[PDB]
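What follows is a short report on a single structure.
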Amino acid sequence: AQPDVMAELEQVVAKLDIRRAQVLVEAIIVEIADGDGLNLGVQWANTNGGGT
Amino acid sequence: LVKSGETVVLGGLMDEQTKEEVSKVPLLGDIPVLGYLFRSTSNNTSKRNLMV
Numbered sequence: 332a333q334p335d336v337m338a339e340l341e342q343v344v345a346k347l348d349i350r351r352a353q354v355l356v357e358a359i360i361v362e363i364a365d366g367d368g369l370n371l372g373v374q375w376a377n378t379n380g381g382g383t
Numbered sequence: 542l543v544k545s546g547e548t549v550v551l552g553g554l555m556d557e558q559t560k561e562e563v564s565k566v567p568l569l570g571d572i573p574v575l576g577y578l579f580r581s582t583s584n585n586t587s588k589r590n591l592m593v
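Structure representation (C-alpha cells):
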C-alpha cells in the first residue's frame with residue numbers, strides 16, 4: 332500500500348500482534364451419592380385359619 | 542504460548558471416585574462395632590492424575 336497506509340498498517344499490525352495472554356482453567360466437579368432402602372415384612376400362614 | 546526453554550502444563554484431569562455399598566440388617570447392622578457382623582460392605586476407590 333501507499334507509504335501513508337504502510338505506516339497505518341504498521342500500527343494495526345503492532346496492536347494486533349500483541350502477546351496473547353494464557354489462562355490456566357481448573358474445573359472441580361464434586362458429586363456425592365447414597366440412600367437407604369429398607370424392606371421388612373412379616374407373613375403368617377395357618378392351615379386351619381388362613382394365610383397372608 | 543511457551544518460552545523457548547520452559548516445560549509447562551498444557552492441561553490435565555485429576556479424577557477421584559469412591560463408591561460405598563452395604564447390605565445390612567436394618568437395626569442390627571447399625572450397632573457401631575458388632576453391626577459389621579450383619580453388614581456385607583463393598584467399598585471402591587480410584588484416582589487418576591493426568592498432566593500434559
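These protein sequence lines are chains A and C, in that order.
351 is the number that the UniProt record's numbering gives to position 20 of the first sequence; each next residue is one higher, with no gaps.
581 is the number that the UniProt record's numbering gives to position 40 of the second sequence; each next residue is one higher, with no gaps.
No residue lacks a Cβ here, since even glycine has one placed at the ideal position from N, Cα and C.
Answer with yes or no whether the minimum CB distance from residue i to chain A is below 7 Å.
| i | result |
| --- | --- |
| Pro567 of chain C | yes |
Am I right that residue i and residue j are in contact with their C-beta atoms under 8 Å? What's the rounded C-beta distance?
| i | j | result |
| --- | --- | --- |
| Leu551 of chain C | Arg351 of chain A | With 8 Å as the limit, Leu551 of chain C and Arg351 of chain A do not qualify as a contact, their Cβ atoms being about 16 Å apart. |
| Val593 of chain C | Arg580 of chain C | Wrong, their Cβ atoms sit about 42 Å apart, outside the cutoff. |
| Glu561 of chain C | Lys588 of chain C | Between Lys588 of chain C and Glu561 of chain C the Cβ distance is about 16 Å, and since that is not below 8 Å, they are no contact. |
| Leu578 of chain C | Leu554 of chain C | Incorrect: roughly 40 Å between the Cβ atoms, too far for contact. |
| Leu369 of chain A | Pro567 of chain C | 6 Å |
Pull up the distance between the alpha-carbon of residue i and that of residue j, whole angstroms please.
| i | j | result |
| --- | --- | --- |
| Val549 of chain C | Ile360 of chain A | 24 Å |
| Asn584 of chain C | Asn377 of chain A | 43 Å |
| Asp365 of chain A | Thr559 of chain C | 11 Å |
| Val343 of chain A | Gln353 of chain A | 22 Å |
| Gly382 of chain A | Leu575 of chain C | 35 Å |
| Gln374 of chain A | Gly380 of chain A | 14 Å |
| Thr582 of chain C | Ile363 of chain A | 18 Å |
| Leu355 of chain A | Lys544 of chain C | 16 Å |
| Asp571 of chain C | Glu357 of chain A | 40 Å |
In the DSSP assignment, find the alpha helix (DSSP H) that holds residue i and state where it starts and stops.
| i | result |
| --- | --- |
| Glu339 of chain A | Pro334 to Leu347 |
Which first and last residues belong to the beta strand (DSSP E) in which residue i is found?
| i | result |
| --- | --- |
| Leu371 of chain A | Premise fails: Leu371 of chain A is in no beta strand (DSSP E) and is neither H nor E. |
| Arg351 of chain A | Counting along the chain, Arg351 of chain A falls outside any beta strand (DSSP E), and DSSP gives it neither H nor E. |
* Output, in sequence order along the chain, the residues in the stretch 352-369 of chain A whose CB is closer than 8 Å to any CB in chain C. => Per Cβ criterion, the list reads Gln353, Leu355, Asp365 and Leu369.
* Looking at chain A, which residues of the stretch 546-580 of chain C have a Cβ within less than 8 Å of any of its Cβ atoms? -> Within the stretch 546-580 of chain C, the residues whose Cβ lies closer than 8 Å to some Cβ of chain A are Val550, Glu561 and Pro567, listed in chain order.
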